[PDB]
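Worksheet: the structure to be examined is printed underneath.
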Amino acid sequence: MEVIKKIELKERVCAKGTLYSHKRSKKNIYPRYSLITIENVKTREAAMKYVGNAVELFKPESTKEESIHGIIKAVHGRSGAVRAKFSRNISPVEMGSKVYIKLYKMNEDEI
Amino acid sequence: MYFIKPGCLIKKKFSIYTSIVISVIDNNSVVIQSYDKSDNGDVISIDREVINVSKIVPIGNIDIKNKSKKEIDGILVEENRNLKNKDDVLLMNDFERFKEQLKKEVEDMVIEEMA
Amino acid sequence: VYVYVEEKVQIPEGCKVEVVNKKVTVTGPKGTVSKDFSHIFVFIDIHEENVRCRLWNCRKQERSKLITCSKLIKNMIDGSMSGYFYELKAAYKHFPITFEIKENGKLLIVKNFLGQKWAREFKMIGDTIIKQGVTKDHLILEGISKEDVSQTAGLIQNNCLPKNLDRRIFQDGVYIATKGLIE
Amino acid sequence: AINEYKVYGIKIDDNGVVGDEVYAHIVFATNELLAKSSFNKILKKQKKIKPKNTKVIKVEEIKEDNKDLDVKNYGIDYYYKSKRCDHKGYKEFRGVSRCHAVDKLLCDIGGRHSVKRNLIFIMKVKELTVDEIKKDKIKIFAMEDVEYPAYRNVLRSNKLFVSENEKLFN
Amino acid sequence: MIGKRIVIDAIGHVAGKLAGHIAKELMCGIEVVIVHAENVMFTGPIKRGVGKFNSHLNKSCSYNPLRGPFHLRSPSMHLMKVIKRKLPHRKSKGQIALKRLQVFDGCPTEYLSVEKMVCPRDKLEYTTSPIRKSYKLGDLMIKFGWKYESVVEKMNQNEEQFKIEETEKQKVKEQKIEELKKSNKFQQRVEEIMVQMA
Amino acid sequence: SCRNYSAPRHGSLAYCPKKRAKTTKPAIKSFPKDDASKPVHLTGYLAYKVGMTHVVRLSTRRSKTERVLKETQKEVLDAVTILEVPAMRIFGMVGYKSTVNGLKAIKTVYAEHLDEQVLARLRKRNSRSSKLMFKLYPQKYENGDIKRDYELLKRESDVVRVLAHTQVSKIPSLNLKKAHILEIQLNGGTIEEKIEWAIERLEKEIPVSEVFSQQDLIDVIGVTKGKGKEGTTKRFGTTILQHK
RNA sequence: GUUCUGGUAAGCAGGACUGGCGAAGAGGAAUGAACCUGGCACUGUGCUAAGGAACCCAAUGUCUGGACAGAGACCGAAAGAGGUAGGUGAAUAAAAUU
């Protein structure tokens, strides 16, 4: 079963993170950008080393497309969180989900 | 219990190396001589500083009833000579790390059969 | 703010004391007593044949608690070398009060107070025992713990007074006459 | 943080240097602009020269040495404005500089009397020996007779959750 | 992350401070189990706590009490309602989040073996001064009609038995293995397996 | 504005909402405190209401302070109710365990032979059955399942209760062919003693004389007479309004 | 907002000066015509204001003093004692005290 293999392949090679919010103020949301936390990264200086890296959301139960790709654009706040952009806008139903950080840089056009 | 008095040996918050108290100012502040090391190329530096007591942890005592700055630098470099920033497994190259891993992993396979 | 506060109590020849945490326990001729000081912020230890309390950098109302702690420890030591006593005396202008001791000195009954026909029953707290005095109107209480002894005596005194009568004409009662250490 | 400056200045009219006097003023302030402000304030109250007739010729910072961070005793004479009137007083402090002494007073009065730093005025700062000390507070620390243990616990790690069996504090 | 679980021992933590940290995790997809809810600590005298709770019982719906507030009387359920109101519970996202939480008085038998976490920033001895009073939630709730105190004392005695047995059972294996591995019979086979992997 | 004169409320709010009971047969829901200091005994029973009559009794009750010399004796007429109580038969037992959510049942164990009257409660319509109800259970006696069951009850239980049914066939006027079943608690002794006492008595008949005696005080639980839908004047006792 | 006249006053009646709402959206004071920031065609990337930074809810921590009242963060007078932190001026002193 290909899904079980594709997971183990990704698990061995990537860092792990979770999606927790869109970019927002107290009143309005900006769904083009999403906010991520990475496992053991806990300062803004530590987080700067990931700016530019590729990210992937893998979803095996999906009928349309099994994974969405994206890129980390900027650091956010002072405790090591980041801001990222994806080829499609993330649904509110997909918040709380697991994200993979891929250890190589890509250009803003590739996504 | 230890006491904060001239010659107490202290560590600072989230730090591995020892430092030493030189004078007591008030019921909450002290003057310390502080040791630290640049991981960029083993460059050490020792200097004096004023600090609040809520950032330090006592661990022991020495004399220094009378000494000069250059003497206490000597005391400090001896004291923390053995210590290190990080476990070597994270510093070495890939093949060396794997070689070290194998030893542990094989030893378990022996123990689980021998027990 | 006080820089340093210390208080000390000396352990006599026959006595033995231990400190587990903030519980302090005492043993000696008359028996054993213990008390827990976990509700006070203080440092207690035993050093060179003394019991020592200490604090640093404390407020005015914290040092009052340290001192109070030290006086309670002394009462425990004293009470262990000899117990304490309290003396009670019945007083009456017309109706003679009468007393019964029951349950080996653990229960006291009072009868005929101001001519009342119903009885009153009082129970002894902790180690305390009740005994007959020099004439029929006197009672004596004896025990190890100054707290337990004095609390018992107080409860008797506080209940055996007139109610809804003018106390400067009706002067009957049971009163605490004498208190001290036993010889 | 607080710094020490010394400001110099002269009078001018429709023409230059109208008096041959020069006036000086030592001040503790955070920056040069707060220093220059004080110079204007004192001139207008002790003399009657308003800014349009003044020129500042020099501003200098004053700095000590104290390479070994040696601890010294200082006495300070001050006043402050309350709701009632102006209140004078004297207090004693310990530190590694005159500025270290002065920053501790400003903090003290703000804590004890609810006053913003701009309503406090320093009159005199003097360095003292052990025989000179007047009030009770610092004398024990000056005579070198103090030790005490730690009351505050300190965290071992930056992690939010840790295993029950680990060591938690210091 | 969805699919992660965590077990928390509630003893010695200040109630309102732990609750904030827990609520953030529930919103990030973690499943949380709290154990020992009867040992959480509140600051101040118990006298003040009693008055704050009396003012709460007085609140009710004027025209129909079966709509009005429900006043819960178990330590587990009380701490549950403290966490509930630090989440967006009037909306679906909060209702999903709440169903990831379980709270127990004592420790149940299915959770004796599992390793347990703690939150150093919220422990009383870090976050408060020593010179002031405090009380436990188990001490307040007996005054407002909780009826299962004794059941929890019996549970607490089973835990102590399991702790001593497991520690005794561990220390023997530690001794056994450490004394074993110094032997030649062990150190020989290291070579015998390595001959076939070098 | 405040009302003109004071008066009490009409009816008690201790019984609101006043809804209809679910079925006609009551469970004893609360039992008196156990005491290990006494022998094993039962705490309840079932009865049927027959009717009323009156009696005359002698009495000598007066104030202790009444100064009258003579030992006065006086007749009093009193109304009384008669209840019929045929012996109940024991047919099983239940053990319970204490939890943070109250008492919960662990297991139930039944006698080897059960009566037609009790099996009739288990089906809905009496005259239409294949009667294959408990026919496979007796094997559990041969297999030792019963002996394993008693072990579990004896090992882990806080409260023990027996199951008993009533012999309806003795009271023909009821027109009833299904027995009534009640769960009754045992007080006195330890769990082991309680279980042994029960085991000795499965299938046997306990007379009412085991449970109660003359002059005893008892509590009676029942469902009242029905009266249909009714207005406020009768349901709560409110006054009738002005005639015009 | 700053000021004035009549009235015990009033979300009361009536004038003067400089900006508003009327005819003004957006972000902030939980909510509010008029208050704070600041004037609007339509898109994209960066930065700041006012106001925030345990959790609801995007971003939070540190240092030094006070304070124990179901207090305060939101909140009433003349009159006062008690507890505690500091200033100044009088004494006395065989630790200090008033």
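If you read the protein sequences in the order shown, they are chains LFF, LM0, LH0, LS0, LO0 and LB0. Quick note: the entry's author numbering has the first sequence finishing at residue 111, numbered continuously throughout. Quick note: the entry's author numbering has the second sequence finishing at residue 122, numbered continuously throughout. Quick note: the entry's author numbering has the third sequence finishing at residue 184, numbered continuously throughout. Quick note: the entry's author numbering has the fourth sequence finishing at residue 171, numbered continuously throughout. Quick note: the entry's author numbering has the fifth sequence finishing at residue 198, numbered continuously throughout. Quick note: the entry's author numbering has the sixth sequence finishing at residue 245, numbered continuously throughout. Just so it is clear, CB atoms sit at the ideal spot from N, CA and C, and this is done for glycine as well.
Can you give me the Cβ contacts of residue 31 (chain LM0) inside the same chain, cut-off strictly under 6 Å, excluding the 5 residues immediately before and after it? 37
Rounded separation between residue 47 (chain LO0) and residue 143 (chain LO0) - CA only: 12 Å
Quick check: what's the CA-CA separation for residue 7 (chain LH0) versus residue 157 (chain LB0)? 57 Å
Inter-residue spacing [alpha-carbon to alpha-carbon] between residue 1 (chain LS0) and residue 152 (chain LH0): There is simply no residue 1 (chain LS0) to check, as chain LS0 begins at 2 and stops at 171 in what is shown.
Is there contact here, the stretch 32-52 of chain LFF with the stretch 79-89 of chain LFF, by at least three beta-carbon pairs under 8 Å? yes
From residue 6 (chain LO0) to residue 101 (chain LO0), what distance separates their C-alpha atoms? 10 Å
Residues of the stretch 139-158 of chain LO0 with a CB closer than 9 Å to any CB of chain LB0: list them in chain order, please. 147, 148, 150, 151, 152, 154 and 155
Assuming residue 86 (chain LO0) and residue 20 (chain LO0) form a contact by the criterion Cβ under 8 Å, report the distance between their Cβ atoms to the nearest whole angstrom. 6 Å
Test item: CB-CB of residue 163 (chain LB0) and residue 112 (chain LB0) under 7 Å: no
In DSSP terms, what residue 120 (chain LB0) is bridged to: None, per the DSSP bridge assignment.
Report the three-state DSSP secondary structure of residue 233 (chain LB0) (helix, strand or coil). helix
Within the stretch 47-130 of chain LO0, note down every full beta strand (DSSP E) run reaching 3 residues or more, in order along the chain. 101-103
Residues of chain LS0 with a CB under 9 Å from the CB of residue 42 (chain LM0): which are they? Per Cβ cutoff of 9 Å: no residues; residue 42 (chain LM0) is ~16 Å from chain LS0 at best.
Nearer than 6 Å: is that true of the beta carbon of residue 92 (chain LH0) relative to any heavy atom of the ligand GTP? Judged by which ligands are present, the structure shown has none, so any question about the ligand GTP falls away.
Could you list which residues in chain LO0 have their beta carbon closer than 9 Å to that of residue 100 (chain LB0), in chain order? 148 and 151
Do we get a CB-CB distance below 7 Å when we pair residue 163 (chain LS0) with the residues of chain LO0? yes
So what does DSSP say about residue 108 (chain LS0), is it helix, strand or coil? helix
Check whether the Cβ atoms of residue 20 (chain LH0) and residue 81 (chain LH0) sit closer than 7 Å, and answer yes or no. no
Straight-line Cα distance separating residue 64 (chain LO0) from residue 11 (chain LB0): 19 Å
Does the Cβ of residue 119 (chain LH0) have 16 or more other Cβ atoms within 10 Å, making it buried, or fewer, making it exposed? exposed
Separation of residue 134 (chain LS0) from residue 24 (chain LFF), as counted between CA atoms: 60 Å
Closest to residue 160 (chain LH0) by CA distance: which of 126 (chain LH0), 50 (chain LH0) and 121 (chain LH0) is it? 121 (chain LH0)
Return the residues of the stretch 35-68 of chain LH0 that lie within a Cβ-Cβ distance of less than 8 Å from chain LS0, sorted by chain order. 57 and 58
Going along chain LM0 in order, which residues have a C-beta closer than 8 Å to the C-beta of residue 194 (chain LO0)? 113
Chain LH0 partners of residue 52 (chain LS0), CB-CB under 8 Å? In chain order: nothing, as chain LH0 lies at least about 46 Å away.
Rounded to a whole number of angstroms, what is the C-alpha to C-alpha distance between residue 106 (chain LFF) and residue 51 (chain LFF)? 10 Å
So if DSSP puts residue 65 (chain LM0) in a beta bridge, which residue, or which two residues, is it bridged to? 17 (chain LM0)
Give the list of continuous alpha helix (DSSP H) stretches no shorter than 4 residues that lie fully inside the stretch 48-109 of chain LM0. 76-86
How far does the alpha helix (DSSP H) with residue 216 (chain LB0) in it reach, from first residue to last? Element bounds for residue 216 (chain LB0): n/a, residue is neither H nor E.
Give the residues of chain LB0 in contact with residue 9 (chain LO0), contact being defined as C-beta atoms less than 7 Å apart. By Cβ distance, chain LB0 contributes nothing, its closest Cβ being about 18 Å from residue 9 (chain LO0), past 7 Å.
Can you list the residues of chain LO0 that residue 154 (chain LS0) reaches, using a CB-CB cut of under 8 Å? 125 and 126
Which residues in chain LH0 have a C-beta closer than 7 Å to the C-beta of residue 147 (chain LS0)? List them in chain order. 4
When the Cα of residue 72 (chain LS0) is compared with those of 56 (chain LM0), 61 (chain LM0), 85 (chain LM0) and 98 (chain LM0), which residue comes out closest? 56 (chain LM0)
Residue 189 (chain LO0) to residue 113 (chain LM0) span [Cα, whole Å]: 10 Å
Can you list, in chain order, the residues of its chain with a C-beta nearer than 8 Å to that of residue 45 (chain LB0)? Leave out the 5 residues immediately preceding and following it. 29, 32, 183, 185, 186 and 212
7 Å Cβ cut-off: residues of chain LO0 touching residue 96 (chain LFF): 2, 28 and 29
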